[PDB]
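Engineer: Have a look at the structure that comes next, please.
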Amino acid sequence: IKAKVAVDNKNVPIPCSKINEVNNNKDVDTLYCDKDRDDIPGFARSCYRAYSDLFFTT
Amino acid sequence: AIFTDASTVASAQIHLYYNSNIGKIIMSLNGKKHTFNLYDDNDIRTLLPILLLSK
Amino acid sequence: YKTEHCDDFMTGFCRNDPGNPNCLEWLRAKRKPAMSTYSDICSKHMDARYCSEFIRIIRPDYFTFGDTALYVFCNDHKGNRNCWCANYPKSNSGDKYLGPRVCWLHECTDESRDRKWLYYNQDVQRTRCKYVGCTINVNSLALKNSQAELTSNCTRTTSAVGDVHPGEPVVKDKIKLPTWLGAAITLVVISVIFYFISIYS
Amino acid sequence: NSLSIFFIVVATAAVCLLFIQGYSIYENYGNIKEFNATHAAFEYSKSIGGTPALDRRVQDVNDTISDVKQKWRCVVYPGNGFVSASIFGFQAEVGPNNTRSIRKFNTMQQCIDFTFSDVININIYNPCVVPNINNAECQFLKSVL
Amino acid sequence: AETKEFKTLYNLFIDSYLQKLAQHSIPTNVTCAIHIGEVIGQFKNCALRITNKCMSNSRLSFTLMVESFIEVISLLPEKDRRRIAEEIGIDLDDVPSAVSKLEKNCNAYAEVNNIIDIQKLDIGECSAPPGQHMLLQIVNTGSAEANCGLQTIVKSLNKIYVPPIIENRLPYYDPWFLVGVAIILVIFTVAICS
Amino acid sequence: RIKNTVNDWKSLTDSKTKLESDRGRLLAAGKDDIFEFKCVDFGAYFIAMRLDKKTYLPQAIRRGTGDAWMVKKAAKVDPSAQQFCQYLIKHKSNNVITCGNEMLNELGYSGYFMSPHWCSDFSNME
Amino acid sequence: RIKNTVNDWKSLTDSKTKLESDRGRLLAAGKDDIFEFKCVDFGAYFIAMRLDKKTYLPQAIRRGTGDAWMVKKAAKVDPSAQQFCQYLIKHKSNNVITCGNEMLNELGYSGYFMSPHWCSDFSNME
Amino acid sequence: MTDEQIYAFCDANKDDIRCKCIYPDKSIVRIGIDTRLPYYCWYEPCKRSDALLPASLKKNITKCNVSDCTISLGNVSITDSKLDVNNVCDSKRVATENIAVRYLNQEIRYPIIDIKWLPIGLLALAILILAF
Amino acid sequence: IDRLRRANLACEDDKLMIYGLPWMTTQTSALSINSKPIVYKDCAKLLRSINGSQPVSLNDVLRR
Amino acid sequence: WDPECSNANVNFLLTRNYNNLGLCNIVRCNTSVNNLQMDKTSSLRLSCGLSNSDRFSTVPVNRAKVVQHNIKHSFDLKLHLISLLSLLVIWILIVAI
């Protein structure tokens with residue numbers, strides 16, 4: 001399983017307040033968490049918590 | 001040594017609780033809790049003399 | 001700040017950084033613009049240290065500039081556990097512990113509690129009340145493999161004290177096996193395996 | 001021949017450990033079954049992210065809305081009970097000509113029940129928009145937020 | 001560790017006095033308090049017991065104190081009980097319901113209130129048999145003169161000699177020297193045999 | 001896995017839970033409405049907390065099978081979060097979670113040794 | 001050591017109970033009044049006790065399913081305690097408890113090796 | 001039931017033993033007053049479990065013969081010891097050296113090696129082929 | 001607390017100052033409990049009696 | 001004790017009633033520890049009055065049976081088996097080999 005983060009045209013992650021307009025969208029630009037990006041602040045922590053929130057039931 | 005005013009200093013015994021996840025130090029002095037934010041300049045300038053004058 | 005020439009500038013300057021030593025020393029001049037500016041500041045940030053210092057400064061001469069602020073805070077943050085003496089959580093009884101009744105709740109009239117959370121009427125009625133109680137206070141307790149027990153049974157009751165309840169025996173007495181029997185099986189099976197291997201070879 | 005002896009002793013240790021483990025498991029399988037059943041939550045904690053457990057199956061709107069004004073609240077309409085208000089406008093009902101009219105609740109609890117219920121009942125009534133403009137209502141909405 | 005209290009003469013006296021105070025307990029309007037600035041305990045099995053009684057009737061307090069002291073020394077040898085009696089200032093032939101020399105000496109604390117104020121307290125060594133602990137008490141009472149009698153009697157009972165439990169276990173340090181010497185000498189005997 | 005987690009946390013959680021049960025049973029003396037859900041503000045969120053009758057421990061309205069329902073706030077003064085919390089008190093109050101032993105046995109952590117948390121001491125003395 | 005000591009408790013109880021039986025047989029000679037219920041004063045409480053006709057061990061009036069009835073005294077001379085002990089002697093005397101093996105099988109202790117206790121104090125006094 | 005209902009019921013039945021110290025005879029009240037001991041602290045119907053009492057009677061009985069004694073310790077630091085602050089000011093006697101034993105529902109750990117050892121152990125057996 | 005590890009108390013004249021704070025280049029005075037700048041006639045004697053002549057940073061205080 | 005004076009508005013109370021409200025005696029149980037450092041193996045208990053009423057049992061407690069059960073259901077250090085195995089190991093390593 002591979003996690004990706006939604007970003008805009010400038011590779012700035014989209015805040016959660018726009019979630020309703022991202023789920024309805026189909027051509028969202030995404031950055032994969034496998035490749036480390038030093039320009040995004042707290043990218044490693046965000047990808048970590050993304051992977052961690054998967055294993056709630058298990 | 002805790003300065004209760006600009007020119008008055010008194011010896012005191014304090015307790016410190018540090019939480020680095022949020023970056024705050026709670027100092028129990030005279031039975032009262034004082035919360036210092038480590039991201040605030042005035043809180044730093046108040047807390048640091050207390051820490052550096054400890055013995 | 002011994003004259004009101006800096007009042008107009010500092011009024012807007014100190015709303016950005018109310019913890020500045022210059023702002024607090026301007027407040028300490030005790031003029032109406034300073035106290036009103038800090039009343040407006042503290043009606044939203046009453047849970048900040050500079051508001052404790054502001055309350056210490058104004059009272060008892062100009063308590064009216066703090067109480068109002070407190071009111072606003074405690075009507076916006078009604079869920080704050082610190083506004084539960086000035087604004088009791090009960091819907092009908094919000095003024096339950098106002099005035100001399102502040103001493104009917106011993107949490108409100110506590111030395112550890114900060115006095116910015118009480119109205120001035122509650123503050124002056126805090127020290128003149130009588131507590132016929134029976135209390136134990138420990139400032140610090142560092143336990144290192146110890147078993148402290150701070151009991152205070154104090155009103156005259158039955159002298160005899162019942163034994164402490166031990167709980168229930170959750171563990172069940174399952175049918176066990178002999179302790180040596182696993183070792184016996186291990187040694188016997190190892191010897192038999194070795195004997196068959198030697199014989200067949 | 002020291003190497004042969006060492007190999008024999010280590011293989012014997014492995015086989016004997018296997019037999020000991022097998023017998024211990026045979027006698028304590030039930031015991032570890034109830035131990036795991038009564039301590040099922042101890043296997044993996046629900047704070048794998050370093051944060052308190054959150055049940056994604058239960059949906060809460062407050063988790064994503066980062067703007068206070070966009071949230072829906074119940075405010076006291078002076079002289080006409082309580083209304084549901086937000087930066088978008090008041091929660092309204094169908095008028096005589098399929099229009100929008102501010103619906104008014106007698107009690108705070110009724111307004112909260114209507115606003116925060118799971119049923120989708122959002123009907124925007126912006127009093128500051130061109131099709132429906134009311135100076136007093138727009139001023140009140142802007143002041144109460 | 002839940003360990004039993006090692007009963008000792010002064011402990012028995014204090015507990016008997018406390019029981020007598022409790023069984024003659026009377027309500028009073030006087031405030032009795034204990035204020036200890038620092039409590040330091042660093043030795044194992046050094047139990048600390050801070051009991052706060054206070055009986056306003058100090059005359060009955062000395063009566064019960066003398067009665068408990070008499071019942072305590074009812075098991076001591078005659079010469080020792082008597083000499084300790086004159087050391088304290090209590091005479092057996094006198095009824096406990098009488099003013100004795102000890103009470104007269106301790107009346108100098110009548111003016112001061114019934115509060116026990118200790119700036120700093122530290123518990124010393126407490127040598128006890130295994131399975132038991134040495135328990136130290138800080139008992140307040142409704143008059144500072146009853147307190148005077150209490151500590152003077154406690155000190156007098158402490159003056160006796162009770163044989164101590166001696167610890168024969170050696171201090172423990174991680175012994176890698178023994179296994180090192182064993183390995184070296186195993187190599188030595190391997191070389192000798194070869 | 002379970003043996004290591006139990007060895008790490010079970011006895012410490014039990015002792016802490018007994019201590020806070022004693023503290024809350026002292027706190028509940030003289031108060032009648034302490035066993036009713038009140039919406040407590042924890043700075044960044046609201047929690048519908050009461051005091052459990054049987055154990056005298058803090059109790060909060062639960063969110064499904066997770067932790068307490070923390071109603072996040074978009075600012076310091078959030079009426080909407082307060083009102084949604086009151087809605088939870090009126091409607092979603094049938095599911096509750098308790099600090100200490102119950103939280104450890106349901107979620108694998110006790111909450112007394114994690115900060116920030118509504119059960120922890122630091123978040124409650126701040 | 002703790003396990004071994006708790007194991008040896010039973011043998012110690014048997015030996016002490018038997019020795020106390022011998023000393024009770026020796027003591028109850030030429031005294032028929034010790035065989036009847038008496039309100040023995042223990043300085044702080046009264047107990048209605050006697051010696052059993054069979055085991056020659058201290059047997060007192062039992063309080064429900066607990067130990068012997070201890071009439072608490074509020075003073076050195078408490079008439080009410082004595083009156084109530086007499087009342088128990090005359091009315092509630094069908095429920096009794098005996099030091100030794102019945103004590104061990106009912107309440108878990110032998111009565112001896114326990115200080116202060118009415119069995120040990122009665123054996124020392126008499 | 002509410003205080004008004006209590007008053008109405010006890011006025012309906014003024015001789016009921018259940019309500020006898022909420023509305024006692026003036027004799028009892030003045031005996032209590034003249035003894036410096038309020039009647040509700042010792043009069044038996046008040047002590048009765050099934051007796052119905054109003055709010056005022058309850059909050060006045062809760063102050064019956066209550067003492068005022070306090071202990072104010074400072075910085076306490078004990079190691080391998082026991083601290084027993086009693087602050088007891090009544091006829092009740094604290095049970096000294098009373099060992100409070102609970103049911104230790106101990107859960108016995110078992111000597112199960114982590115089964116991740118299972119492959120490596122097999123490798124151990126495998127090295128017998130080196131001796132063939 | 002990492003950025004505060006180089007902070008050491010050292011007072012010029014009679015005014016208590018805090019040195020070693022990188023993000024505040026100007027000399028920052030030391031505040032009291034009521035947020036008043038600390039002026040003390042015997043600051044040097046107090047500092048000497050606290051740790052000695054040599055300055056002590058926060059890192060050394062934490063490692064005590 | 002008056003319910004009427006327990007919820008009235010203090011601004012509308014007479015001076016005498018205000019003073020009488022101020023001169024009440026309030027009972028006070030609290031066993032507070034402001035600062036606590038409790039490690040894994042230590043414990044702390046607090047009480048005032050009936051604040052520990054539920055931890056005492058009306059029925060008598062057979063503590064001897066409690067200890068017997070705590071010993072019955074507890075880990076068993078097998079010193080007999082260990083000693084026999086050690087003796088066998090020593091005999092095999094010295095005599096048999």
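Scheme for the structure tokens: letters A, B, ... for chains in order shown; per-chain residue numbers from 1; ligand numbers from 1 in order shown.
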Which residues of chain C are close to chain E, meaning at most 12 Å apart when you count only C-alpha atoms, and how do they look as a PyMOL selection string?

Structural biologist: chain C and resi 130-160

Engineer: Could you write out the selected residues, including C-alpha atoms, as a PDB file, in the first residue's frame?

Structural biologist:
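Done, and the output landed in again-v5.pdb:
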```pdb
ATOM      1  CA  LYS C 130     -14.816  29.705  58.307  1.00  0.00           C
ATOM      2  CA  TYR C 131     -13.941  26.112  57.384  1.00  0.00           C
ATOM      3  CA  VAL C 132     -14.723  23.610  60.157  1.00  0.00           C
ATOM      4  CA  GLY C 133     -13.266  20.707  58.225  1.00  0.00           C
ATOM      5  CA  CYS C 134     -10.438  18.190  58.474  1.00  0.00           C
ATOM      6  CA  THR C 135      -7.808  18.450  55.758  1.00  0.00           C
ATOM      7  CA  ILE C 136      -4.466  17.008  54.669  1.00  0.00           C
ATOM      8  CA  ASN C 137      -2.237  19.046  52.344  1.00  0.00           C
ATOM      9  CA  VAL C 138       1.027  17.763  50.860  1.00  0.00           C
ATOM     10  CA  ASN C 139       3.000  20.141  48.657  1.00  0.00           C
ATOM     11  CA  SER C 140       5.252  17.442  47.178  1.00  0.00           C
ATOM     12  CA  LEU C 141       5.397  13.642  47.355  1.00  0.00           C
ATOM     13  CA  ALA C 142       8.227  11.778  45.612  1.00  0.00           C
ATOM     14  CA  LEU C 143       7.615   8.030  45.907  1.00  0.00           C
ATOM     15  CA  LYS C 144      10.497   5.629  45.187  1.00  0.00           C
ATOM     16  CA  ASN C 145       9.190   2.078  45.722  1.00  0.00           C
ATOM     17  CA  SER C 146       7.011   3.282  48.598  1.00  0.00           C
ATOM     18  CA  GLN C 147       3.354   2.853  49.570  1.00  0.00           C
ATOM     19  CA  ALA C 148       1.989   6.130  50.898  1.00  0.00           C
ATOM     20  CA  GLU C 149      -1.504   6.238  52.383  1.00  0.00           C
ATOM     21  CA  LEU C 150      -3.096   9.574  53.311  1.00  0.00           C
ATOM     22  CA  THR C 151      -6.350   8.762  55.100  1.00  0.00           C
ATOM     23  CA  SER C 152      -8.280  11.249  57.248  1.00  0.00           C
ATOM     24  CA  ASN C 153     -11.432   9.809  58.822  1.00  0.00           C
ATOM     25  CA  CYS C 154     -12.311  12.522  61.190  1.00  0.00           C
ATOM     26  CA  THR C 155     -15.973  12.910  62.169  1.00  0.00           C
ATOM     27  CA  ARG C 156     -17.036  10.668  65.056  1.00  0.00           C
ATOM     28  CA  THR C 157     -18.255   7.363  63.601  1.00  0.00           C
ATOM     29  CA  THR C 158     -18.218   3.676  64.534  1.00  0.00           C
ATOM     30  CA  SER C 159     -14.866   2.843  66.112  1.00  0.00           C
ATOM     31  CA  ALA C 160     -14.596  -0.624  64.563  1.00  0.00           C
TER      32      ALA C 160
END
```

Engineer: Please give the root-mean-square deviation of the Cα atoms once chain F has been least-squares fitted onto chain G, pairing every Cα in order.

Structural biologist: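 Between chain G and chain F, the C-alpha RMSD is 2.7 Å.
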
Engineer: Neighbours of residue 50 (chain B) within 10 Å (only C-alpha atoms; same-chain residues fewer than 5 positions away dropped), as a ChimeraX atom specification?

Structural biologist: /B:1-3,12,14,27,45 /I:30-33

Engineer: Hey, which bits of region 14-117 of chain G sit within 7 Å of region 53-68 of chain J, and for each residue what's the closest pair of atoms and how far apart in Å (one decimal), counting only C-alpha atoms, rows by chain and increasing number, as a tab-separated table?

Structural biologist:
```
residue	atom	partner	partner_atom	distance
G:65	CA	J:60	CA	7.0
G:66	CA	J:60	CA	5.6
G:107	CA	J:62	CA	5.5
G:108	CA	J:64	CA	5.0
```

Engineer: Can you work out which one of B:11, B:21, B:54, B:42 has the shortest atom-to-atom distance to chain F, counting only C-alpha atoms?

Structural biologist: B:21

Engineer: Please identify every residue of chain A that has at least one atom no more than 8 Å from any atom of chain D, counting only C-alpha atoms, and report them as an MDAnalysis selection string.

Structural biologist: chainID A and resid 16:19 48:49 52:53 55:56 58

Engineer: Quick one: write out the picked residues with N, CA and C atoms as a PDB file, in the first residue's frame?

Structural biologist:
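What follows is the written file again.pdb:
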```pdb
ATOM      1  N   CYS A  16      -6.982  20.438   4.672  1.00  0.00           N
ATOM      2  CA  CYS A  16      -8.168  19.607   4.843  1.00  0.00           C
ATOM      3  C   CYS A  16      -9.462  20.370   4.596  1.00  0.00           C
ATOM      4  N   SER A  17      -9.453  21.698   4.731  1.00  0.00           N
ATOM      5  CA  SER A  17     -10.679  22.469   4.565  1.00  0.00           C
ATOM      6  C   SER A  17     -11.240  22.371   3.153  1.00  0.00           C
ATOM      7  N   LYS A  18     -10.440  21.913   2.193  1.00  0.00           N
ATOM      8  CA  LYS A  18     -10.877  21.736   0.816  1.00  0.00           C
ATOM      9  C   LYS A  18     -11.206  20.287   0.486  1.00  0.00           C
ATOM     10  N   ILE A  19     -11.336  19.425   1.499  1.00  0.00           N
ATOM     11  CA  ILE A  19     -11.505  17.996   1.248  1.00  0.00           C
ATOM     12  C   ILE A  19     -12.723  17.744   0.366  1.00  0.00           C
ATOM     13  N   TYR A  48       4.258   9.558   7.716  1.00  0.00           N
ATOM     14  CA  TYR A  48       4.215   8.662   8.862  1.00  0.00           C
ATOM     15  C   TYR A  48       2.820   8.547   9.459  1.00  0.00           C
ATOM     16  N   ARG A  49       2.179   9.675   9.751  1.00  0.00           N
ATOM     17  CA  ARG A  49       0.865   9.608  10.374  1.00  0.00           C
ATOM     18  C   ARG A  49      -0.187   9.098   9.398  1.00  0.00           C
ATOM     19  N   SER A  52       0.182   5.465   9.650  1.00  0.00           N
ATOM     20  CA  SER A  52      -0.243   4.988  10.961  1.00  0.00           C
ATOM     21  C   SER A  52      -1.759   4.975  11.108  1.00  0.00           C
ATOM     22  N   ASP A  53      -2.457   5.946  10.518  1.00  0.00           N
ATOM     23  CA  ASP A  53      -3.911   5.975  10.639  1.00  0.00           C
ATOM     24  C   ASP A  53      -4.595   4.879   9.833  1.00  0.00           C
ATOM     25  N   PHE A  55      -3.864   1.653  10.195  1.00  0.00           N
ATOM     26  CA  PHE A  55      -3.949   0.489  11.073  1.00  0.00           C
ATOM     27  C   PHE A  55      -4.657   0.846  12.378  1.00  0.00           C
ATOM     28  N   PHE A  56      -5.926   1.226  12.240  1.00  0.00           N
ATOM     29  CA  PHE A  56      -6.772   1.428  13.409  1.00  0.00           C
ATOM     30  C   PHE A  56      -7.379   0.110  13.871  1.00  0.00           C
ATOM     31  N   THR A  58      -6.625  -2.969  12.660  1.00  0.00           N
ATOM     32  CA  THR A  58      -5.580  -3.985  12.738  1.00  0.00           C
ATOM     33  C   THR A  58      -4.344  -3.456  13.457  1.00  0.00           C
TER      34      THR A  58
END
```

Engineer: Within 12 Å of chain H, which residues of chain G show up when using only C-alpha atoms, listed as a PyMOL selection string?

Structural biologist: chain G and resi 44+72-75+114-116

Engineer: Between C:45, C:5, C:56, C:32, which has the minimum distance to chain I (counting only C-alpha atoms)?

Structural biologist: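 The answer is C:56, which sits nearest to chain I.
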
Engineer: Would you return as a list in words the members of chain G that DSSP assigns to strand (DSSP E or B) on this structure's backbone?

Structural biologist: residues 38, 39, 40, 41, 45, 46, 47, 48, 49, 50, 51, 58, 59, 60, 61, 62, 68, 71, 72, 96, 97 and 98 of chain G

Engineer: Keeping N, CA, C and O atoms for every residue in the selection just given, could you write it to a file as a compact mmCIF listing (two decimals), in the first residue's frame?

Structural biologist:
```txt
# COMPACT_ATOMS: atom_id res chain seq x y z
N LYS G 38 -18.85 -14.84 81.48
CA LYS G 38 -18.48 -13.69 82.30
C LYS G 38 -18.11 -12.53 81.39
O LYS G 38 -17.57 -12.73 80.29
N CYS G 39 -18.39 -11.32 81.86
CA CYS G 39 -18.11 -10.09 81.11
C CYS G 39 -16.70 -9.63 81.46
O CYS G 39 -16.48 -8.76 82.31
N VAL G 40 -15.72 -10.23 80.79
CA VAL G 40 -14.33 -9.88 81.02
C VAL G 40 -14.05 -8.51 80.40
O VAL G 40 -14.39 -8.27 79.24
N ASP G 41 -13.45 -7.63 81.19
CA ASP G 41 -13.10 -6.29 80.74
C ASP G 41 -11.66 -6.27 80.26
O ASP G 41 -10.75 -6.69 80.98
N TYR G 45 -12.88 -2.67 76.12
CA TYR G 45 -14.09 -3.33 75.66
C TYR G 45 -14.38 -4.53 76.54
O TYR G 45 -13.48 -5.09 77.19
N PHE G 46 -15.64 -4.93 76.55
CA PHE G 46 -16.11 -6.09 77.29
C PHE G 46 -16.33 -7.26 76.33
O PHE G 46 -16.76 -7.06 75.20
N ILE G 47 -16.02 -8.47 76.79
CA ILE G 47 -16.30 -9.68 76.03
C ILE G 47 -16.93 -10.71 76.97
O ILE G 47 -16.43 -10.93 78.08
N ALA G 48 -18.01 -11.33 76.52
CA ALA G 48 -18.71 -12.36 77.30
C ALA G 48 -18.11 -13.72 76.92
O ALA G 48 -18.44 -14.29 75.88
N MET G 49 -17.25 -14.25 77.80
CA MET G 49 -16.48 -15.44 77.48
C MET G 49 -16.54 -16.45 78.62
O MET G 49 -16.99 -16.16 79.73
N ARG G 50 -16.05 -17.65 78.31
CA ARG G 50 -16.00 -18.78 79.23
C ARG G 50 -14.98 -19.77 78.67
O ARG G 50 -14.24 -19.45 77.73
N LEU G 51 -14.94 -20.97 79.24
CA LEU G 51 -14.14 -22.07 78.69
C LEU G 51 -15.05 -23.20 78.25
O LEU G 51 -15.96 -23.59 78.99
N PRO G 58 -10.73 -20.90 75.34
CA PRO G 58 -11.59 -19.72 75.51
C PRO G 58 -12.66 -19.66 74.43
O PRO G 58 -12.37 -19.72 73.23
N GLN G 59 -13.91 -19.54 74.87
CA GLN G 59 -15.07 -19.51 73.99
C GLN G 59 -15.92 -18.31 74.37
O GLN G 59 -16.37 -18.19 75.51
N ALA G 60 -16.15 -17.42 73.41
CA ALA G 60 -16.85 -16.17 73.67
C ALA G 60 -18.09 -16.05 72.79
O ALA G 60 -18.31 -16.85 71.87
N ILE G 61 -18.90 -15.04 73.09
CA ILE G 61 -20.09 -14.78 72.29
C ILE G 61 -19.68 -14.20 70.95
O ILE G 61 -18.95 -13.20 70.89
N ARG G 62 -20.15 -14.81 69.87
CA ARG G 62 -19.73 -14.45 68.52
C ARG G 62 -20.63 -13.35 67.97
O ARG G 62 -21.83 -13.33 68.26
N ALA G 68 -15.39 -12.46 68.22
CA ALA G 68 -16.15 -12.27 69.44
C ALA G 68 -16.68 -10.85 69.54
O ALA G 68 -16.13 -9.91 68.96
N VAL G 71 -17.78 -5.12 73.12
CA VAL G 71 -18.62 -3.99 73.53
C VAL G 71 -17.69 -2.80 73.79
O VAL G 71 -17.03 -2.75 74.84
N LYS G 72 -17.66 -1.85 72.87
CA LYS G 72 -16.75 -0.71 73.01
C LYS G 72 -17.09 0.11 74.25
O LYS G 72 -18.26 0.31 74.59
N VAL G 96 -21.61 -18.69 69.36
CA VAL G 96 -20.34 -18.64 70.08
C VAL G 96 -19.20 -18.94 69.12
O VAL G 96 -19.39 -19.53 68.05
N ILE G 97 -18.00 -18.51 69.51
CA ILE G 97 -16.78 -18.77 68.76
C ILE G 97 -15.69 -19.17 69.74
O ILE G 97 -15.56 -18.58 70.82
N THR G 98 -14.90 -20.17 69.37
CA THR G 98 -13.88 -20.73 70.24
C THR G 98 -12.50 -20.53 69.63
O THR G 98 -12.31 -20.73 68.42
```

Engineer: Using only C-alpha atoms, determine which residues of chain B fall within 10 Å of chain I; present them as a PyMOL selection string.

Structural biologist: chain B and resi 1-9+18+20+23-24+34+38-39+41-55

Engineer: Restrict the selected residues to C-alpha atoms and save them as a compact mmCIF listing (two decimals), in the first residue's frame.

Structural biologist:
```txt
# COMPACT_ATOMS: atom_id res chain seq x y z
CA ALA B 1 16.56 32.35 43.56
CA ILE B 2 13.32 33.91 42.33
CA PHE B 3 12.84 37.65 41.82
CA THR B 4 9.39 38.54 43.12
CA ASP B 5 10.01 42.11 41.91
CA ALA B 6 12.59 44.15 40.00
CA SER B 7 14.99 44.45 42.95
CA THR B 8 13.83 41.79 45.46
CA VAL B 9 15.17 38.23 45.33
CA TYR B 18 8.37 19.81 31.01
CA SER B 20 8.39 18.84 24.87
CA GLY B 23 6.86 22.82 24.35
CA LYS B 24 5.64 24.04 27.74
CA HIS B 34 2.84 28.96 36.30
CA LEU B 38 8.92 27.96 25.25
CA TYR B 39 7.92 29.73 22.01
CA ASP B 41 10.01 35.60 24.31
CA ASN B 42 8.66 37.07 27.56
CA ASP B 43 8.03 33.61 29.03
CA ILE B 44 11.60 32.65 28.11
CA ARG B 45 12.99 35.83 29.69
CA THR B 46 11.02 35.09 32.87
CA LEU B 47 11.80 31.36 33.13
CA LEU B 48 15.49 31.38 32.20
CA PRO B 49 16.69 33.33 35.29
CA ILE B 50 14.80 30.80 37.43
CA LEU B 51 16.51 27.86 35.71
CA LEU B 52 20.00 29.41 35.60
CA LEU B 53 19.90 30.49 39.27
CA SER B 54 19.04 26.98 40.49
CA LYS B 55 21.34 25.24 42.96
```

Engineer: Any idea what the distance is between CA of residue 46 (chain H) and CA of residue 21 (chain H)?

Structural biologist: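 Answer for the CA of residue 46 (chain H) to CA of residue 21 (chain H) separation: 5.6 Å.
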
Engineer: Tell me, counting only C-alpha atoms, for each residue of chain F within 9 Å of chain J, which pair of atoms is nearest and how far apart they are in Å to one decimal, in rows ordered by chain and increasing number, as JSON lines.

Structural biologist:
```
{"residue": "F:9", "atom": "CA", "partner": "J:40", "partner_atom": "CA", "distance": 8.8}
{"residue": "F:11", "atom": "CA", "partner": "J:40", "partner_atom": "CA", "distance": 7.2}
{"residue": "F:12", "atom": "CA", "partner": "J:40", "partner_atom": "CA", "distance": 5.0}
{"residue": "F:13", "atom": "CA", "partner": "J:40", "partner_atom": "CA", "distance": 8.7}
{"residue": "F:15", "atom": "CA", "partner": "J:43", "partner_atom": "CA", "distance": 5.9}
{"residue": "F:16", "atom": "CA", "partner": "J:43", "partner_atom": "CA", "distance": 7.7}
{"residue": "F:18", "atom": "CA", "partner": "J:45", "partner_atom": "CA", "distance": 7.5}
{"residue": "F:19", "atom": "CA", "partner": "J:45", "partner_atom": "CA", "distance": 5.9}
{"residue": "F:22", "atom": "CA", "partner": "J:46", "partner_atom": "CA", "distance": 5.7}
{"residue": "F:23", "atom": "CA", "partner": "J:46", "partner_atom": "CA", "distance": 6.9}
{"residue": "F:25", "atom": "CA", "partner": "J:51", "partner_atom": "CA", "distance": 5.9}
{"residue": "F:26", "atom": "CA", "partner": "J:51", "partner_atom": "CA", "distance": 5.8}
{"residue": "F:27", "atom": "CA", "partner": "J:30", "partner_atom": "CA", "distance": 7.8}
{"residue": "F:29", "atom": "CA", "partner": "J:51", "partner_atom": "CA", "distance": 7.8}
```

Engineer: Where in chain G does DSSP assign helix (DSSP H, G or I), given as an MDAnalysis selection string?

Structural biologist: chainID G and resid 2:27 33:35 79:90 101:107 118:125

Engineer: Taking 4 positions as the minimum chain separation for residues in the same chain, which residues sit within 12 Å of region 72-78 of chain D when counting only C-alpha atoms? Answer as an MDAnalysis selection string.

Structural biologist: (chainID D and resid 61:62 65 67:68 82:91 102:117 122:124 136:137 140:145) or (chainID F and resid 77:87)
